[PDB]
>>> print(open('upload_17.csv').read())   # CSV, C-alpha atoms
chain,number,residue,atom,x,y,z
A,7,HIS,CA,0.0,0.0,0.0
A,8,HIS,CA,3.0,2.4,0.5
A,9,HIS,CA,6.3,3.3,-1.0
A,10,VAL,CA,9.2,5.3,0.4
A,11,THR,CA,11.3,8.0,-1.2
A,12,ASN,CA,14.5,7.2,0.8
A,13,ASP,CA,15.6,3.6,0.6
A,14,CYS,CA,15.0,1.6,3.8
A,15,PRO,CA,18.0,0.9,6.0
A,16,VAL,CA,18.8,-2.6,6.9
A,17,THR,CA,20.0,-2.6,10.5
A,18,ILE,CA,21.5,-5.8,11.8
A,19,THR,CA,23.2,-6.5,15.1
A,20,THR,CA,24.7,-9.7,16.2
A,21,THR,CA,26.2,-11.3,19.3
A,22,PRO,CA,29.6,-9.8,20.1
A,23,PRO,CA,32.7,-12.0,19.8
A,24,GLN,CA,32.9,-14.9,22.2
A,25,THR,CA,35.8,-17.0,23.6
A,26,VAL,CA,35.5,-20.5,25.0
A,27,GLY,CA,37.8,-23.3,26.1
A,28,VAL,CA,38.1,-26.4,23.9
A,29,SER,CA,36.8,-28.6,26.8
A,30,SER,CA,33.7,-26.5,27.7
A,31,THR,CA,30.4,-28.4,27.4
A,32,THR,CA,28.1,-25.4,27.7
A,33,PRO,CA,26.0,-24.5,24.7
A,34,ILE,CA,27.3,-21.6,22.7
A,35,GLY,CA,24.6,-19.2,21.5
A,36,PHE,CA,24.8,-16.8,18.5
A,37,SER,CA,22.0,-14.5,17.5
A,38,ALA,CA,21.2,-11.8,15.0
A,39,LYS,CA,18.5,-9.1,14.9
A,40,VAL,CA,17.3,-7.1,11.9
A,41,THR,CA,15.1,-4.0,11.7
A,42,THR,CA,14.6,-1.0,9.6
A,43,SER,CA,13.3,2.6,10.0
A,44,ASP,CA,9.9,3.5,11.5
A,45,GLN,CA,8.8,5.0,8.2
A,46,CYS,CA,9.8,1.8,6.4
A,47,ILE,CA,7.8,-0.3,8.9
A,48,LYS,CA,4.8,1.9,8.4
A,49,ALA,CA,5.3,1.4,4.6
A,50,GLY,CA,5.2,-2.5,5.0
A,51,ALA,CA,8.9,-3.5,4.8
A,52,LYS,CA,9.9,-7.1,5.0
A,53,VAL,CA,13.3,-8.0,6.5
A,54,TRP,CA,15.4,-11.0,5.8
A,55,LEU,CA,18.2,-13.0,7.3
A,56,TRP,CA,20.2,-15.8,5.8
A,57,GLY,CA,23.5,-17.7,6.0
A,58,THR,CA,25.9,-19.0,3.4
A,59,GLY,CA,25.4,-22.7,3.8
A,60,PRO,CA,23.2,-25.2,2.0
A,61,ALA,CA,19.5,-24.1,2.2
A,62,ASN,CA,20.9,-20.8,3.6
A,63,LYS,CA,21.9,-22.4,6.9
A,64,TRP,CA,24.4,-20.5,9.0
A,65,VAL,CA,28.0,-21.7,8.7
A,66,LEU,CA,30.5,-21.4,11.6
A,67,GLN,CA,33.7,-21.7,9.6
A,68,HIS,CA,37.3,-22.3,10.7
A,69,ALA,CA,39.7,-19.6,9.4
A,70,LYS,CA,42.5,-21.9,8.5
A,71,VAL,CA,40.9,-25.3,7.5
A,72,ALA,CA,38.2,-25.1,4.7
A,73,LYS,CA,36.6,-28.5,5.6
A,74,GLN,CA,36.2,-27.6,9.4
A,75,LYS,CA,32.8,-26.0,9.8
A,76,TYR,CA,29.4,-26.4,11.3
A,77,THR,CA,26.2,-25.8,9.4
A,78,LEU,CA,23.6,-24.6,11.8
A,79,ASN,CA,19.9,-24.5,11.5
A,80,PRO,CA,18.4,-21.3,12.9
A,81,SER,CA,15.6,-20.7,15.3
A,82,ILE,CA,13.5,-17.6,14.7
A,83,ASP,CA,11.0,-15.5,16.6
A,84,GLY,CA,7.3,-16.3,16.6
A,85,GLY,CA,6.5,-13.6,14.0
A,86,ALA,CA,9.0,-14.7,11.4
A,87,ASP,CA,8.9,-17.4,8.8
A,88,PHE,CA,11.2,-19.7,6.8
A,89,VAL,CA,11.0,-19.6,3.1
A,90,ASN,CA,8.7,-22.2,1.5
A,91,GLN,CA,7.2,-23.6,4.8
A,92,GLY,CA,10.7,-24.6,6.0
A,93,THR,CA,12.2,-26.4,3.0
A,94,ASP,CA,14.8,-23.6,3.1
A,95,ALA,CA,16.3,-21.8,6.1
A,96,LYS,CA,16.2,-18.3,4.7
A,97,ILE,CA,14.1,-16.2,7.1
A,98,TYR,CA,11.8,-13.3,6.5
A,99,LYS,CA,9.4,-11.1,8.6
A,100,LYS,CA,6.9,-8.5,7.7
A,101,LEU,CA,7.6,-5.9,10.4
A,102,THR,CA,4.9,-3.9,12.2
A,103,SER,CA,4.8,-1.0,14.6
A,104,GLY,CA,4.2,-3.4,17.5
A,105,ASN,CA,6.7,-5.9,16.2
A,106,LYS,CA,9.8,-4.2,14.8
A,107,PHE,CA,12.5,-6.8,14.9
A,108,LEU,CA,13.4,-10.1,13.3
A,109,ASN,CA,15.3,-12.2,15.8
A,110,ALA,CA,17.1,-15.5,15.0
A,111,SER,CA,19.6,-17.7,16.7
A,112,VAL,CA,21.7,-20.8,16.4
A,113,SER,CA,23.6,-22.9,18.9
A,114,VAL,CA,26.8,-25.0,18.9
A,115,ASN,CA,26.6,-28.0,21.2
A,116,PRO,CA,30.1,-29.1,22.0
A,117,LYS,CA,28.7,-32.5,23.2
A,118,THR,CA,27.6,-33.4,19.7
A,119,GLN,CA,29.8,-31.0,17.6
A,120,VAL,CA,33.5,-31.3,18.5
A,121,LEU,CA,35.3,-28.0,19.4
A,122,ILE,CA,38.6,-27.4,17.6
A,123,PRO,CA,40.9,-24.6,18.8
A,124,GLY,CA,41.3,-21.5,16.6
A,125,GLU,CA,39.3,-18.7,15.0
A,126,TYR,CA,35.8,-19.2,13.6
A,127,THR,CA,33.7,-16.7,11.6
A,128,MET,CA,30.0,-16.9,10.6
A,129,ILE,CA,28.7,-14.7,7.8
A,130,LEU,CA,25.2,-13.5,8.0
A,131,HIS,CA,23.3,-11.7,5.3
A,132,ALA,CA,20.4,-9.4,6.0
A,133,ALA,CA,18.1,-7.4,3.8
A,134,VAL,CA,15.0,-5.2,3.6
A,135,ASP,CA,12.4,-5.3,0.8
A,136,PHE,CA,10.3,-2.3,0.2
A,137,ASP,CA,8.8,-0.2,-2.6
A,138,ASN,CA,10.3,3.0,-3.7
A,139,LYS,CA,9.4,5.2,-6.7
A,140,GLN,CA,10.8,2.7,-9.2
A,141,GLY,CA,8.9,-0.2,-7.6
A,142,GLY,CA,10.2,-3.2,-5.7
A,143,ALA,CA,13.6,-2.7,-4.2
A,144,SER,CA,15.9,-4.2,-1.6
A,145,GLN,CA,18.9,-3.2,0.4
A,146,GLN,CA,21.2,-5.8,1.9
A,147,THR,CA,24.2,-6.0,4.2
A,148,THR,CA,26.4,-8.5,6.0
A,149,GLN,CA,27.9,-9.0,9.4
A,150,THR,CA,30.3,-11.5,10.6
A,151,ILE,CA,29.9,-13.3,13.9
A,152,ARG,CA,33.1,-14.5,15.7
A,153,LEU,CA,34.1,-17.3,18.0
A,154,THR,CA,37.6,-18.0,19.4
A,155,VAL,CA,38.3,-21.5,20.8
A,156,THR,CA,40.9,-21.7,23.6
>>> encode(input="upload_17.csv", output="structure tokens")
Amino acid sequence: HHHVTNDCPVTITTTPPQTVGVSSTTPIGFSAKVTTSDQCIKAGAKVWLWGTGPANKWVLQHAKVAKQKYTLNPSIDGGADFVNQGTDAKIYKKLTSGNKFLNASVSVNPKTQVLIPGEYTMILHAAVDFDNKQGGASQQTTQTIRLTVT
């Protein structure tokens, strides 16, 4: 029903960098949150979050060794959805004035997923879809989540 004349921002935050010991058994949480401007929410903006893995799953990737990685399936807030009823892990949410954030998280369980020392990064992509004067448009950005082991 509405279009904007300044493109919607895509505003993502993530968990700050974490450090853990190789022998820790505690679950490690990582989360991301996406929003946009109040005017874009009024206009009907839809925000997105996705990873770089198969089916847009989130990948915690060792800096040195290509094959060392964990592909993680996200959990999302109750107002968000997965693409195609969950056949893909890409996430979207139509924001509203009473519900302004898309929130999602993953977890590494050291008990089932072995912890190797070193640096890990996890790339997340976020976007916002809206209409401007030329019709459908989107802006996207990226942020990298970090984990240091031992």
>>> closest_atom_pairs(input="upload_17.csv", of="range 92-113 of chain A", to="range 60-64 of chain A", cutoff="6 Å", atoms="all atoms listed in the file", output="CSV")
residue,atom,partner,partner_atom,distance
A:94,CA,A:61,CA,4.8
A:95,CA,A:62,CA,5.3
A:96,CA,A:62,CA,5.4
>>> write_last_selection(input="upload_17.csv", atoms="C-alpha atoms", output="PDB file, keeping the file's coordinate frame")
ATOM      1  CA  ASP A  94      14.800 -23.600   3.100  1.00  0.00           C
ATOM      2  CA  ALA A  95      16.300 -21.800   6.100  1.00  0.00           C
ATOM      3  CA  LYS A  96      16.200 -18.300   4.700  1.00  0.00           C
TER       4      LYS A  96
END
>>> residues_around(input="upload_17.csv", residues="residue 127 in chain A", least_positions_apart="6", cutoff="6 Å", atoms="all atoms listed in the file", output="list in words")
residues 66, 67, 151 and 152 of chain A
>>> residues_around(input="upload_17.csv", residues="range 32-38 of chain A", least_positions_apart="2", cutoff="7 Å", atoms="all atoms listed in the file", output="PyMOL selection string")
chain A and resi 18-21+30+40+109-116
>>> atom_distance(input="upload_17.csv", atom1="CA of residue 121 in chain A", atom2="CA of residue 75 in chain A")
10.1 Å
>>> atom_distance(input="upload_17.csv", atom1="CA of residue 147 in chain A", atom2="CA of residue 49 in chain A")
20.3 Å
>>> closest_residue(input="upload_17.csv", among="A:45, A:119, A:11, A:24", to="residue 106 in chain A", atoms="only C-alpha atoms")
A:45
>>> closest_residue(input="upload_17.csv", among="A:103, A:14, A:126, A:135", to="residue 69 in chain A", atoms="only C-alpha atoms")
A:126
>>> atom_distance(input="upload_17.csv", atom1="CA of residue 10 in chain A", atom2="CA of residue 138 in chain A")
4.8 Å
